[PDB]
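What follows is a single structure, written as structure tokens, with notes after it.
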Amino acid sequence: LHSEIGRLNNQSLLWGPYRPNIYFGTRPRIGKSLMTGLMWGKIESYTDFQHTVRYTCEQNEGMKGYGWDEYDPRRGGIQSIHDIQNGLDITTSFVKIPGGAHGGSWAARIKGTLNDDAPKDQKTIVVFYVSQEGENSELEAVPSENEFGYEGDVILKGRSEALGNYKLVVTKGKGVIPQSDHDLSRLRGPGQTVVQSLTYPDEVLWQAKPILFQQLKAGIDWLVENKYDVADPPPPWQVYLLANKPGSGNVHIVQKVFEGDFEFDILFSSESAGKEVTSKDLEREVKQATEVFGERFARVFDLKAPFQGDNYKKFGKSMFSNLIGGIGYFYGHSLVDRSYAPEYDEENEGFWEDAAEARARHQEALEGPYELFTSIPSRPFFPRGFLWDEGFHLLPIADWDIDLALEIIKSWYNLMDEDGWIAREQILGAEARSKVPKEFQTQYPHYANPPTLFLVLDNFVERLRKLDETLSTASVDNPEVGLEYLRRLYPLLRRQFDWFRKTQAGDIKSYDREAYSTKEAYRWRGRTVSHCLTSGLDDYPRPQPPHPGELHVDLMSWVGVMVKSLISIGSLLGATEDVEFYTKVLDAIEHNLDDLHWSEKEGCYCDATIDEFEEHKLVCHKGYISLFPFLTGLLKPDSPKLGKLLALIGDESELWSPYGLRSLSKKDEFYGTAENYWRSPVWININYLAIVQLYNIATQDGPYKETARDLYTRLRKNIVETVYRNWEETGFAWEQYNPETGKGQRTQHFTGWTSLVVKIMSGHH
Ligand SMILES: Cc1nc2cc(-c3ncccn3)ccc2n1CCCCCCN1C[C@H](O)[C@@H](O)[C@H](O)[C@H]1CO
């Protein structure tokens, strides 16, 4: 029965607009298959369209904003694009229609409305770009009746092993189509929809912009060769209208020019299903997906006081939809240094210079191919899987659709190599690589990242203990399906635990260091003089200089998170021997957090190193790192140390700002220095952990119940209100928030863990 829910999940999730790196396109969860993408741009001159055309996501002065207003990957949703440069408000509606054997059908409506500033007679070029990879697959544009292009719909008929037979239609659409009275119209037509059907080697089909432009350039070269010149030039929009040439190929460019507002549909009909998809179907499924979305939101994300108002519902729906709507399917090779150069062991003083040398051997090579199905932090700046981000992303996604979340967990865990490593940053294929400088592509088998995916697993387990609708919860409603999922995953969880202990081990035994356990001590590999990228907190201050004797309290706390999870999951599976090992490890981490990291003088946890004199020294920098045993859920509710942590947390002169907790204390010497990334700003993911733990202390008998109740109340309010005020003013979720001014800063469109705000509002953890 487990493989039955599995098959249904596969069929459910196969199609989506799973190309979040571009404004709008679709792809199935298959490496080498059919992909679509949208392009549009005003044209006012002979040279402007190369500058105005839109395709890959960005964020700059010329784009007011864009994002999903509703989305569910099983059903589809609606996206809104507000484009200032091109004077256009665009809506892209996407809907899926189950049926047949190949993952069903789908349809999209693209609607453009000029805004108030645009010339009422703007010419906008619109391209629908279609490609198909596969040796034994075919795709053909049925030619038109008319001489120079299409008066009606463009039908592409295709076939592959993965999709069977299918037709993809681009409807004629509604809006004024400009007409040219130039002589050229005797050879190119007066103006109409055109199709060019092309073939290029499979591996470059993703390069839609250059492919389109090479065709535009050939058209213009043709003008020049044939005596169309500046004495009497055709209008720009006709100079940039491709000559119609439909056929078979692995690339099909469908181009329309509109004057004023426009709209058109794309209808993908899987042959193996009922009759084909119509526009009437598209409109009905769109209306239906909205109603379903509406009803699930109010059940799953029931906003509590004081955020019950409609302004907050709208806010929550926006933050949620952007998060779950950034889900992508990525496919290809990634770049990995598999030398395991000994310099990566970081065993000597000055290790960062040795590691630099090894990186300068450039032994890295492409490997795979791999696939990943994942949500991402940032459509415009970094639209790809990040390992510890994904644990935060899936917390609200799991509320929505636990089965989808498990799908994504599985996807990540299928990347893990034989040692237990998953690369923290998943740049899969040439398309992904295109948006990343070559110096930053290389992954390193010694670099960890927080295991925040265990958090999602913990939520799943509590739920397991305590048709699209049915599927979304099938793995908790069918407990046998649940445990079977854990059974297959568990060995990989254990592999990653062991990997952490073998690769990120700190050194107790070799210094004058005393502690309850000889074993439990951890140090993030990969640190530079000013950074510790693998920890997730890039530039939070760490012992200076970095040192093989360093110990990092956040890392030990992450290991504590892992054992606690393995206890739970081991128990469910009766891995009795495993469970007793985990038990001794937990107990040991509990003692060693105190013996190695607790500072009585400072009243918080600290990283540690070793002295010029070879002695253990705590290095205290009050901020997120200091609270880690608390944030990761490792302290007993009655703990005196917890009490001191709550005092530091609430202290306005240290961490507590009107806008959330500061990443670093105002009192720290590194406050607001250098790039100031994690050295003062408020970050939603860590604030979210704080909120969850305050709520935990707050809803149990103990000495800190009422303190935590008050802190919980206020921090929930501060964090929610700050992210809401910024969203109201700017339309954006931001990467972090300024603790002096409350302003969002760094990167926009960070959905992204900022969207945790939906779970914070809906409460009852
Ligand atoms: C190559 C690159 N080009 C970039 C361009 C712009 C940019 N900005 C404004 C305007 C224009 N351009 C910005 C950044 C750019 N990058 C770096 C990519 C990695 C950043 C990771 C963010 N984040 C850092 C967190 O500390 C970490 O915890 C977390 O896991 C991670 C993933 O969310």
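Note: ideal-geometry Cβ built from the backbone for every residue, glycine included; neighbour counts use all protein chains shown. The values are calculated or read from the model by the stated rules, or taken from the named source; these are not laboratory values.
Give the residues of region 40-65 that are away from the ligand (no atom under 16 Å from the Cβ) and surrounded by 20 or more Cβ atoms within 10 Å (Cβ to Cβ), sorted by residue number.
Correct list: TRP40, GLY41, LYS42, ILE43, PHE49, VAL53, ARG54, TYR55.
Out of the residues in region 673-690 meeting the condition of being within 23 Å of the chain's Cα centre (by Cα) and among the hydrophobic types (A, V, I, L, M, F, W, C), tell me which one is nearest to the ligand (Cβ to nearest atom). Write out each step before concluding.
Pass one, region 673-690, residues within 23 Å of the chain's Cα centre (by Cα): 677-678, 681-690.
Now drop any that are not among the hydrophobic types (A, V, I, L, M, F, W, C), which leaves 678, 682-684, 686, 689-690.
Values: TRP678: 7, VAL682: 14, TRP683: 8, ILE684: 11, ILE686: 10, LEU689: 13, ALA690: 16 Å.
The extreme case among them is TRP678.
Considering each residue of region 538-569, count those that are within 16 Å of the ligand (Cβ to nearest atom) and part of a loop (DSSP other than H, G, I, E, B), and give that number.
6
Restricting region 49-87 to residues that are hydrophobic (A, V, I, L, M, F, W, C) and not in a strand (DSSP E or B), which is nearest to the chain's Cα centre (by Cα)? Show your work before the answer.
In the first step, residues of region 49-87 are kept if they are hydrophobic (A, V, I, L, M, F, W, C); the result is 49, 53, 57, 63, 68, 78, 81, 84.
Those still in the list that are not in a strand (DSSP E or B) too: 49, 53, 57, 84.
Working: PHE49: 30, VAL53: 25, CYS57: 13, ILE84: 26 Å.
The extreme case among them is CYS57.
Assess whether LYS759 counts as being among the basic types (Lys, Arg), more than 16 Å from the ligand (Cβ to nearest atom) and more than 20 Å from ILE649 (Cα to Cα).
Values: among the basic types (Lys, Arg): yes; more than 16 Å from the ligand (Cβ to nearest atom): yes; more than 20 Å from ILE649 (Cα to Cα): yes.
Criteria met by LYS759.
Return yes when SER535 is within 24 Å of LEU453 (Cβ to Cβ), within 33 Å of the chain's Cα centre (by Cα) and within 16 Å of the ligand (Cβ to nearest atom) and no when it is not. Talk me through it step by step, then tell me what you get.
On the way: within 24 Å of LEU453 (Cβ to Cβ): yes; within 33 Å of the chain's Cα centre (by Cα): yes; within 16 Å of the ligand (Cβ to nearest atom): yes.
It is true that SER535 is within 24 Å of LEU453 (Cβ to Cβ), within 33 Å of the chain's Cα centre (by Cα) and within 16 Å of the ligand (Cβ to nearest atom).
Criterion first (assigned to a loop (DSSP other than H, G, I, E, B) and either surrounded by 18 or more Cβ atoms within 10 Å (Cβ to Cβ) or of a type in the set (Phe, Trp, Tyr) (or both)) does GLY37 satisfy it?
Numbers: assigned to a loop (DSSP other than H, G, I, E, B): no; either surrounded by 18 or more Cβ atoms within 10 Å (Cβ to Cβ) or of a type in the set (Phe, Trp, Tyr) (or both): yes.
It is false that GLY37 is assigned to a loop (DSSP other than H, G, I, E, B) and either surrounded by 18 or more Cβ atoms within 10 Å (Cβ to Cβ) or of a type in the set (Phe, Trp, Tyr) (or both).
Any idea which of (1) within 14 Å of the ligand (Cβ to nearest atom); (2) outside any loop (DSSP other than H, G, I, E, B); (3) of a type outside the set (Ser, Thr, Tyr) is the one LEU406 doesn't satisfy?
(1)
Can you work out which of the residues in region 722-755 that are crowded, with 22+ Cβ neighbours inside 10 Å and closer than 12 Å to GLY65 by Cα is farthest from the ligand (Cβ to nearest atom)?
Selected residue: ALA733.
Tell me, please, whether a residue that is more than 23 Å from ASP554 (Cα to Cα), surrounded by fewer than 19 Cβ atoms within 10 Å (Cβ to Cβ) and either out of contact with any strand residue (DSSP E or B) (no Cβ under 9 Å at 6 or more places or on another chain) or of a type in the set (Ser, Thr, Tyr) (or both) can be found in region 431-438. I'd like the intermediate steps shown before the answer.
First, the residues of region 431-438 that are more than 23 Å from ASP554 (Cα to Cα): 431-438.
If we keep only those that are surrounded by fewer than 19 Cβ atoms within 10 Å (Cβ to Cβ) too, we end up with 433-438.
Then drop every residue that is not either out of contact with any strand residue (DSSP E or B) (no Cβ under 9 Å at 6 or more places or on another chain) or of a type in the set (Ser, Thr, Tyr) (or both), which leaves 434, 437.
Yes - at least one qualifying residue is present in region 431-438.
Please return the ranges of helices (runs of 4 or more DSSP H) entirely within region 420-513 where 2 or more residues are at negative phi and more than 16 Å from the ligand (Cβ to nearest atom). Break it down into steps so the answer makes sense when it comes.
Numbers: elements: 429-433, 453-465, 468-472, 474-477, 479-503.
Answer list for region 420-513: 453-465, 468-472, 474-477, 479-503.
Determine which single condition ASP121 fails, assuming it passes every other condition in (1) touching a helix residue (DSSP H, G or I) at 6+ places or on another chain (Cβ under 8 Å); (2) surrounded by fewer than 21 Cβ atoms within 10 Å (Cβ to Cβ); (3) farther than 30 Å from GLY294 by Cα.
All conditions pass for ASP121, except number (1).
In region 379-391, how many residues are more than 9 Å from the ligand (Cβ to nearest atom) and either assigned by TED's automatic domain parsing to the domain that holds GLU58 or in a helix (DSSP H, G or I) (or both)?
Counting residues in region 379-391 that are more than 9 Å from the ligand (Cβ to nearest atom) and either assigned by TED's automatic domain parsing to the domain that holds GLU58 or in a helix (DSSP H, G or I) (or both) gives 2.
Where in region 146-247 are the strands (runs of 3 or more DSSP E), entirely inside, with at least 1 residues that are in the same structural domain as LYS280 (by TED's automatic domain parsing) and at positive phi? Write out each step before concluding.
On the way: elements: 154-160, 164-170, 174-176, 194-198.
In region 146-247, 164-170, 174-176 are the strands (runs of 3 or more DSSP E) which contain 1 or more residues that are in the same structural domain as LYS280 (by TED's automatic domain parsing) and at positive phi.
Looking at this structure, is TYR704 of a type in the set (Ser, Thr, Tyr), under 20 Å from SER626 (Cα atoms) and within 16 Å of the ligand (Cβ to nearest atom)? Talk me through it step by step, then tell me what you get.
Values: of a type in the set (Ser, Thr, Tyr): yes; under 20 Å from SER626 (Cα atoms): yes; within 16 Å of the ligand (Cβ to nearest atom): no.
No: the conditions fail for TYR704.
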